[PDB]
Amino acid sequence: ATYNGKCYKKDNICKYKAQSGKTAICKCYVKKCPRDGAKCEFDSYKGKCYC
């Protein structure tokens, strides 16, 4: 149920359109974003930010 979006290094966050548009930006927990736009998925099993 993992999603897909982008993450920002500068803002070290993970932005993506939740499966229902509910979720949203999610700090790039661990391994800060590589570069703005960096694709990332939102694991709906824990709530991390695969970036």
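In PDB author numbering, the protein residues as written are 1 to 51.
Ideal Cβ placement from N, Cα and C applies to all residues, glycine included.
Helix, strand or coil at residue i [DSSP, three-state]
i, result
"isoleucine 25", "coil"
"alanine 38", "strand"
Among the options, the one whose alpha carbon lies nearest that of residue i
i, options, result
"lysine 31", "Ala18, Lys22 and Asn12", "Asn12"
Close beta carbons around residue i, own chain, < 6 angstroms, minus the five adjacent residues each side
i, result
"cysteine 14", "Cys7, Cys26, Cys28, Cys40, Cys49 and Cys51"
"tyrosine 16", "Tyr3, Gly5 and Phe42"
Unbroken beta strand (DSSP E) run spanning residue i, endpoints
i, result
"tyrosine 45", "Note, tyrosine 45: premise wrong, no beta strand (DSSP E); not H, not E."
"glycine 5", "5–8"
"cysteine 14", "13–16"
Neighbourhood of residue i by C-beta distance below 7 angstroms, restricted to the same chain and skipping five residues each side
i, result
"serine 44", "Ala1 and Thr2"
Beta-carbon contacts of residue i that lie in its chain and below 8 angstroms, excluding the five residues immediately before and after
i, result
"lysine 9", "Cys28, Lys32, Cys33, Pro34, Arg35, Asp36 and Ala38"
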